[PDB]
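Per-entry structural report
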Amino acid sequence: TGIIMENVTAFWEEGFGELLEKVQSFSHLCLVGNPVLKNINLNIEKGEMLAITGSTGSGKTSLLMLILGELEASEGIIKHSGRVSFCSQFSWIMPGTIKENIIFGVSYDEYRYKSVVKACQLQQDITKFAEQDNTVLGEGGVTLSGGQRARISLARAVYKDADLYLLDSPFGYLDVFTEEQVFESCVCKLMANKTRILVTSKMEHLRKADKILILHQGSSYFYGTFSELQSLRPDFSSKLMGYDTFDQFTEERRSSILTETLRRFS
Ligand SMILES: Nc1ncnc2c1ncn2[C@@H]1O[C@H](COP(=O)(O)OP(=O)(O)O)[C@@H](O)[C@H]1O
């Protein structure tokens, strides 16, 4: 499946801020009648990758909830059909082995498993443990690094057979060379033909995306190709492409540069 949004708007409604909270004054935002997103348009073909970036708290997560149906479109048309698979920014971990976490509630299939494991770069993790992917974890799997938890929860989501993959900021940790190999192997090759939406703050991901959506304040700052971006948003581009290794700054620096840049160039 592809995905289409034509001129979609969505309001704060009772309970969405708390959902937002799990997944990453609400009353007043529902009382007053307020768009969390306004005039969103995107059109994404089967098998393409949409990269979503923007300033912090611009509605990135919220756009995924709307896809998931947890937020409601008060206006506009959304089309997409099929199973969706959601990897949240929170990396949840269930009691059981690493392997049991990746296949959680889904049947085991060897070729599929081994291939997901290799492309999420889990082979370098599990090889440090005496029982490898049979190692037992407690929930939160709290002695692992953030990147280890995020790769296991990415592998779980990519292993789900679905028509659309929603991946909310997996690449936000310090082990930055691993993240680059995950993006190239999992998101770019293994998933090359699965429709997919990657929320992100690395410019390489916009560079390889089929489509790009930049959000600011609940609003679409830009939407189209990386090439259209360089030509239609030149102040944004020149500033962002003008660092020499932006993608290796910490997630917080990158997101703060993005926010400031989006603030400057509205
Ligand atoms: N944990 C939170 N507590 C209070 N307000 C929040 C929280 N998370 C997001 N918001 C607010 O809700 C709106 C939408 O946030 P969100 O969709 O999470 O943006 P983003 O994913 O781009 O960082 C923003 O206006 C933001 O300030």
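Rules behind the numbers
Residues numbered from 1 in each chain as written, not as in the entry; some residues may be left out. Heavy atoms only, no water. Buried < 20%, exposed > 50% of the residue type's maximum accessible area, 1.4 Å probe, protein only. Helix = DSSP H or I, 4+ residues; strand = E, 2+ residues; numbered from the N terminus. Contact = heavy atoms within 4.5 Å. Polar contact = N/O pair within 3.5 Å; in protein donor to acceptor, adjacent residues only side chain to side chain. Expected span 1.5 Å × (residues − 1). Salt bridge = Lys/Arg side-chain N within 4 Å of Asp/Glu carboxyl O. Patch = residues over 30% accessible without salt bridge, like charges linked within 9 Å, V, L, I, M, F, W, Y side chains within 5 Å. Areas by Shrake-Rupley, 256 points an atom, 1.4 Å probe, with all protein chains shown as cover. Axes fitted to C-alpha atoms, helices over the stretch in contact; angles between N-to-C directions. Parallel < 35°, antiparallel > 145°, perpendicular 65-115°, else oblique. Left-handed = near helix turned anticlockwise from the far one by under 90°. Nonpolar A, V, L, I, M, F, W, Y, C, P; charged D, E, K, R; others polar.

The record lists X-ray crystallography as the method behind this PDB entry and 2.55 Å as its resolution.

In the nomenclature of the PDB entry, the protein chain is known as Cystic fibrosis transmembrane conductance regulator of Mus musculus. The record lists the entry's title as "Cystic fibrosis transmembrane conductance regulator (CFTR) nucleotide-binding domain one (NBD1) with ADP".

Quick notes on helix 5 (residues 110–119)
What sets the pattern is the α-helix's 3.6 residues per turn: residues three or four places apart point alike. Where helix 5 is concerned, the buried positions are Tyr113, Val116, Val117 and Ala119. Its buried side turned inward, helix 5 meets helix 4 (98–102), helix 6 (123–126), helix 7 (146–159) and helix 8 (176–190). The backbone nitrogen of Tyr111 lies 3.4 Å from a side-chain oxygen of the residue at the head of helix 5, namely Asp109. Where helix 5 terminates, the next one or two residues include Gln121, which has phi positive at roughly 60°.

Observations concerning helix 12 (residues 251–264)
Between its first and last C-alpha, helix 12 extends 20 Å over 14 residues, near the 20 Å set by a 1.5 Å rise per residue. Among all positions in helix 12, only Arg254, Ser255, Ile257, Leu258, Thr259, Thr261 and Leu262 are buried. Turning to helix 12, the residues buried within the fold contact strand 3 (49–54), helix 9 (203–208), strand 10 (211–216), strand 11 (219–224) and helix 11 (234–241).

What to know about the pattern of salt bridges
Opposite charge on two side chains lets them pair, provided their charged atoms get close. The final tally for this structure, using the stated rule, is nine salt bridges. A salt bridge links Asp161 to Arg83, with the nearest nitrogen and oxygen atoms 3.3 Å apart. Residue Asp161 is found in the loop between helix 7 and strand 8 (164–168), and its partner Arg83 is found in the loop between strand 4 (75–79) and strand 5 (84–87); the two are separated by 78 residues along the sequence. We classify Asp161 as partly exposed; its relative accessible area is 45%. With a shortest N-O distance of 3.0 Å, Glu110 and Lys114 are connected by a salt bridge. Here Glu110 pairs with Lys114, and both are found in helix 5, just four residues apart, close to one helical turn. Judged by relative accessible area, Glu110 falls into the partly exposed class, the value being 38%. Residue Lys114 is classed as partly exposed on the basis of its relative accessible area of 48%.

Points about the side chain of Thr259
The topology assignment puts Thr259 in helix 12. Here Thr259 is in contact with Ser55 and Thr56, once residues within four sequence places are set aside.

Some points on a nonpolar patch on the surface
A cluster of nonpolar side chains, namely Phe90, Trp92 and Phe104, defines an oily patch on the protein surface of about 300 Å² accessible area. Topologically, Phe90 is positioned in the loop between strand 5 and strand 6 (96–97). A relative accessible area of 44% places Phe90 in the partly exposed class.

Brief notes about the packing of helix 11 against helix 12
Here helix 11 crosses helix 12 at 155°, and the two axes come no closer than 10 Å. On the basis of the axis angle, helix 11 is roughly antiparallel to helix 12. In this structure, the crossing between helix 11 and helix 12 has a hand that is right-handed. Residue-level contacts link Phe236, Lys239 and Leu240 of helix 11 to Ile257, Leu258, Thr261 and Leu262 of helix 12. Of the residues contributing to the contact of helix 11 with helix 12, the split by class is five nonpolar, one polar and one charged.

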